[PDB]
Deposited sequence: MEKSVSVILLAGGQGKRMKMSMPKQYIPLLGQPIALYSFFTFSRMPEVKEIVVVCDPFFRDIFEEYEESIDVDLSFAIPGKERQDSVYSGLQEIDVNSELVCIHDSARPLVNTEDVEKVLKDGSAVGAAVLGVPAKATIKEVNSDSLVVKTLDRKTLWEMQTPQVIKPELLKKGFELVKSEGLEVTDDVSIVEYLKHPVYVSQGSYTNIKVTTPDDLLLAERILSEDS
C-alpha cells in the first residue's frame, strides 16, 4: 500500500476531449486514484490544464503533484520523476490518452513490475507483421505495447544516467529500458486498452464503457 508513484502523461488537445462528459485524461486518473497501492499521482501537463485535475484533489485518496512537460516523451517522464516520493518503490508511467485501462490489468503490471523490476502491459499483435530490410525485402512472437509501463525508480534513474553520460539516442522503439541489461516483463493486457485520439477511436470508447 502507498508504494507506487504514478506519472500521468497529459502534456501532449486529444487527451482533454470529453468521453461521456468527462475529459479523457480523468478516466485513468480516477482508476489510479482508487488503488490502495498508489501513493501519489504526478500529473505532467501544461500549467493551463492543471485545474482539470486540481478540482478533485480533496476527494481522491492519493497525493497530487504536478510537473512540466518536456520536448519529447522521455523528457516529460524525467520531469515527472523529479517529483515522485523519495520512498516509492515503483514508478507507474501512463499515457493519459489511454482511458479504458482496467484496474485488474494495472494490478497485474504493478505486480510484475515489483517482481521483475520493469513491466509493461501488452497484447499479442493481431496484424501480420514482417521485418523488412533496407531493400524493401521481407526478412524471413510479437506484442503491441500499451501503458502503464512500470519500473523501479533506481532502475529508471540509472537508465537516464546511462543515456545522458553516453549521449545515446532515445526513440519510442529504442527507449531507456532497451539500453539496460535488466529484464522487462510483458504483462498480458486487454485489447480494450486502446489509445483514444481519432473520432473513430472515441466512438469505440463509448461502446466499451
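- Give the ranges of the deposited sequence, numbered from 1, for which the structure holds no C-alpha coordinates, in sequence order. Absent from the structure are positions 1, 14-22, 151-155, 225-228.
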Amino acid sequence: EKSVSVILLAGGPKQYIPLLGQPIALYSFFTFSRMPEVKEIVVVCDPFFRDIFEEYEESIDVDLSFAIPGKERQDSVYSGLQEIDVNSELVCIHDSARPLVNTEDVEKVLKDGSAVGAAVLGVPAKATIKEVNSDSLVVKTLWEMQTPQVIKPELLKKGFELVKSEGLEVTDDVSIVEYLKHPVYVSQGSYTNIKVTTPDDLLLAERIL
From here on, numbers count along this sequence of modelled residues.
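- Item | Other compared entries missing residue 13, a third or more | Comparison shows residue 13 kept in all of the other entries.
- Look up the CA B-factors in the entry and say which stretch, 33-41 or 57-65, has the higher mean. The deposited B-factors put 57-65 ahead on the C-alpha mean.
- Which has higher Cα B-factors on average according to the PDB entry: 79-87 or 113-121? It is 79-87 that shows the higher mean C-alpha B-factor.
- Item | Deposited CA B-factor, highest of 162, 145, 156, 150 | Answer, based on the entry's C-alpha B-factors: 162.
- residue 130 CA temperature factor, ranked by third within the chain: Middle third, going by the recorded CA B-factors of the chain.
- Assigned third (lowest, middle, highest) for the C-alpha B factor of residue 140: Highest third, going by the recorded CA B-factors of the chain.
- Message: Looking at the temperature factor on the CA atom of residue 185, which third of the chain's modelled residues does it land in?
- Response: Within its chain, residue 185 is a lowest-third residue by C-alpha B-factor, going by the deposited values.
- Message: Please place residue 9 in the lowest, middle or highest third of its chain according to the CA B-factor in the PDB entry.
- Response: Bottom third by C-alpha B-factor.
- Quick one: classify residue 108 as lowest, middle or highest third of the chain based on its Cα B-factor. CA B-factor rank for residue 108: lowest third.
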